[PDB]
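This document starts with one chain, in the form deposited in one PDB entry, laid out as structure tokens.
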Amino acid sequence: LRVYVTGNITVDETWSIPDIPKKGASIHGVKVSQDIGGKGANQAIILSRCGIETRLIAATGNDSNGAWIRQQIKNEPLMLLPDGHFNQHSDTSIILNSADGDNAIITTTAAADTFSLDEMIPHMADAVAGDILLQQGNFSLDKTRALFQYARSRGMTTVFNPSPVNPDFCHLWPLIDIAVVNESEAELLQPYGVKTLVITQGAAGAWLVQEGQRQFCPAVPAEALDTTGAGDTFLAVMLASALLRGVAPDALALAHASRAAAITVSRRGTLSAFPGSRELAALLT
């Protein structure tokens, strides 16, 4: 079984501030970390580091960030398509880390947007029934839906993590096999009729909803000095643990994702904070 991930790849830049500015206000911040990231990239890489045959379809620009990104992906057991880049700035993210509550992130999409659907599906031409298409919320409702529709014509399994959230993603669920959502997204998009529903609540554990049954997997306690990437780690490892053992997302899968995620939040950065290929294998056994 091969996992195709259609998303984005970025360079996350984290800013430490007192609290997020109110329009009109000017404040001081400190840039504390630069790292490779992106919803699509994070999940694909972690998946591949778990041993799952994985392919990432995302656009990089003819940026110095572009060379940086492509160079890093080269050290991962993941295939990144296309080989070439685009003359656009590579997508980037501004992660506002305030003294108070949880982070706020702003991500550009110039590169991902240029990467048309026509240039995209050809990279999935070698897909077979049973293969998986994993998407996040980096695309428009139309591009996002087109991709899932395509996946269903090729007999693939569909996984959806609607982050960032798009109000219109709400009438997309009938096309999904596995939905992974926040409490915010769970309410704002209202998942329904999905074989497997997973609602993540960060440090407050996670829910697995299947066939009417509800199971709660409490989170593994951890020192959270950097929260970026926890959700992506939790999802990639939950999915990996099911795929390896050959079952459907189950309680042990969440048990593993919770452990993988605790390692991630205990480290600075994005790509640089993810559990190593060996730590994951030790974890998954």
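Residue numbers here begin at 1 and follow the sequence given. For clarity, a rigid core is taken as the largest C-alpha set superposing within 1.5 Å between two forms.
- Higher mean CA B-factor, judged across 226 to 234 and 24 to 32 from the recorded values: 24 to 32.
- As recorded in the PDB entry, 99 to 107 is the stretch of 99 to 107 and 157 to 165 with the greater mean C-alpha temperature factor.
- Split the chain's modelled residues into thirds by C-alpha temperature factor. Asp12 is in the lowest one.
- In the deposited entry, the Cα temperature factor of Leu284 sits in the top third of values across the chain's modelled residues.
- Sorting the modelled residues of the chain by their CA temperature factor places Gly40 in the lowest third.
- Sort the chain's modelled residues by C-alpha temperature factor and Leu1 lands in the highest third, per the entry.
- When the modelled residues of the chain are ordered by their C-alpha B factor, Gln201 lands in the middle third.
Omitted from view is the form deposited in another entry, to which the following refers.
- Compared between this form and the one not shown on the core, the listed residues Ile94, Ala204, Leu81, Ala110 keep their C-alpha shifts below 2 Å, save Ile94.
- Put the two forms on the same core and the Cα of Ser266 is off by less than 2 Å between this form and the one not shown.
- Put the two forms on the same core and the Cα of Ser277 is off by less than 2 Å between this form and the one not shown.
- In this overlay on the rigid core, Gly29 has a C-alpha that sits 2 Å or more away from its partner position between this form and the one not shown.
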